[PDB]
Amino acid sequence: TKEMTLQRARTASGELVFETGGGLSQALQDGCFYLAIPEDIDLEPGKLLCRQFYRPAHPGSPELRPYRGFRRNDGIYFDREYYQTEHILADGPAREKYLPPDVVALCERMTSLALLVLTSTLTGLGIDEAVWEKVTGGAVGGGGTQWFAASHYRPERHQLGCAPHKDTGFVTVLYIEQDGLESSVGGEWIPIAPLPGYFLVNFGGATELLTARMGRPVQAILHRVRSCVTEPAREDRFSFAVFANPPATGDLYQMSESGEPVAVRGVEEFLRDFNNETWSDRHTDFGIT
């Protein structure tokens, strides 16, 4: 199966500019697109954490020490019983408390790109700016919950890489380097290829619910990581991503066809249903508290 042919965008003076002809219209219909990584970003702190977080703090250099030992942190480390993936998931405060400052710096840059995509999309959908803070639970302006994930795919386990899921928030900005990610398009798993120098952007369940009654609804793509098999001298698969989410204590909104925001359900119960159908393991507070 051939990979998806997605739109490609770049940021130019804080505006989203599309290099491919379909533009933001086609990208929203696809539910995902590639976003050029701003040339000044150093990705190496994120890759370093993805290569080290699951290793013991000792033995090893004192320089790598703040990048290791995270399997001990019950607050932000998640060993998945049924999948190859183990991952850090940390909100803003948790990143500043537990992750190296160069990683925190990288997350802040990725978060700004996620917010840029969010405001571009809301504008593209003709949603009144006056309701942006309310319908995003504050996420649009850097509030809400700004999640970070660092994933390591453990090849020694004969399991699927990542549970099939829809992301739960508004916008995801994802870094990948290896094959393995797939999306459900028309009922068939289509690979999403890594594009060097680009993030992958998609939308989450909160954007799907928000726009489900509009003229051009935006979908949250259903995606998984297939079982990862080691290729000699190729490193284990990893990924890292930031997500702009509504806070778990609030409500999810949906635009009525008359253009009015309606609070339709609580975020926390939505996330709990998500955890139950996606992971179904002991980490029942994952992404909530």
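Don't overthink the numbering: it's just position in the shown sequence, from 1.
Undergrad: Which of the two stretches, 279 to 287 or 2 to 10, shows the higher mean Cα temperature factor in the record?
TA: It is 2 to 10 that shows the higher mean C-alpha B-factor.
Undergrad: According to the deposited model, is the average Cα temperature factor higher in 142 to 150 or in 98 to 106?
TA: Between 142 to 150 and 98 to 106, it is 98 to 106.
Undergrad: Looking at 182, 133, 79, 91, which one carries the largest C-alpha B-factor according to the PDB entry?
TA: The listed residue with the largest C-alpha B-factor is 133.
Undergrad: From the list 43, 255, 242, 50, select the residue with the highest C-alpha B factor recorded in the entry.
TA: Comparing C-alpha B-factors across 43, 255, 242, 50, the top value belongs to 255.
Undergrad: Quick check on the deposited entry: does the C-alpha B-factor of residue 175 sit in the lowest, middle or highest third of its chain?
TA: Answer is lowest: the recorded C-alpha B-factor places it there.
Undergrad: Quick check for you: using the entry's CA B-factors within this chain, is residue 67 in the lowest, middle or highest third?
TA: Top third by C-alpha B-factor.
Undergrad: Using the temperature factors of the C-alpha atoms in this entry, rank residue 189 within its chain: lowest, middle or highest third.
TA: Tercile = highest for this residue's CA B-factor.
Undergrad: Looking at the C-alpha B-factor of residue 196, is it in the lowest, middle or highest third of its chain?
TA: Ranked within chain, residue 196 CA B lands in the middle tercile.
Undergrad: By its CA B factor, does residue 259 count among the lowest, middle or highest third of the modelled residues in the chain?
TA: According to the entry, residue 259 has a C-alpha B-factor in the chain's highest third.
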